[PDB]
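Only one chain is given next, in structure tokens, and it is the form deposited in one PDB entry.
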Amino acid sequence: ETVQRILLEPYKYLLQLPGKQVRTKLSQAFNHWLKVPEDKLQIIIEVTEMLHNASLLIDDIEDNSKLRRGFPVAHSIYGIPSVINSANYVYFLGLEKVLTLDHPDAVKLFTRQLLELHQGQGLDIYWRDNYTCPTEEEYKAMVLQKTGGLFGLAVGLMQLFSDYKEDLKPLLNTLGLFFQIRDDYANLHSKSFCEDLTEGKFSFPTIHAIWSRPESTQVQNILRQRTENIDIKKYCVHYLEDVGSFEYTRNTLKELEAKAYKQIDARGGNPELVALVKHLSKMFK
């Protein structure tokens, strides 16, 4: 049974990548409130990691990405077919691990949240490949489905074993939108160079440019080319800057940071979470 080794090799590859430090901080922060017992908390952490990583392996294939956090994407080393099988294998390894929580609502919640993630991803993929730019409201809505999938899996499972009956769903929605838009910004403003444009996807900045200059189809046409061409990409970033789309993403990110601090105090404060949000906000201005 070194079948398991071969099957999990693409996953193990991805564990080299950065990302666990922030996932750890989030669990610790939210456990400040939920006060979940050590044994259940670790199964929940393990499970979160597996599903998150499983879904990143798949997103990279859906998105024809080249790098992730400075590293080549699993499937550019091992191939698409091996990575798909492996990611899916790992999803069901997660489900197996969830059953070790031995709580009758755990699998019910796991299903709900994985169904929600797939709706978020579905829409993203749908808009891109059928060339229908979403409205800003549509976009935010699917980001809450995408990111609320894993956000709400983690805190939902924790809640099964917590006495903390205050409402976190609003705060999770803010942090979801925050991570995603922050990501959308980073990708086009500083993964390799402007991958989101090669992907052809509609991210926060490109959406803004599209609706801000409706006589133009320039961004749409560029996204449709799925181009690796550095000069086209450069021209496009120059264009978003002119139309004020980076500006508008910056301000959207400042408001979401404000709201996060507002929502955290509403729950009595959480210094560790404020620290992480302040640290993650460094990446504008």
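Residue numbers here begin at 1 and follow the sequence given.
In the deposited sequence, the stretch from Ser190 to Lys191 hides 4 to 9 residues that have no coordinates.
Not pictured, yet referred to below: the form solved in complex with a small molecule.
Think of it this way: in the entry with it bound, the small molecule has a heavy atom of just one of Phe110, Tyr185, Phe161, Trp127 within 4.5 Å, and the residue is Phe161. Residue heavy atoms within 4.5 Å of the small molecule in the entry with it bound occur in exactly one stretch of 96-104, 75-83, 129-137, 204-212, and that stretch is 96-104.
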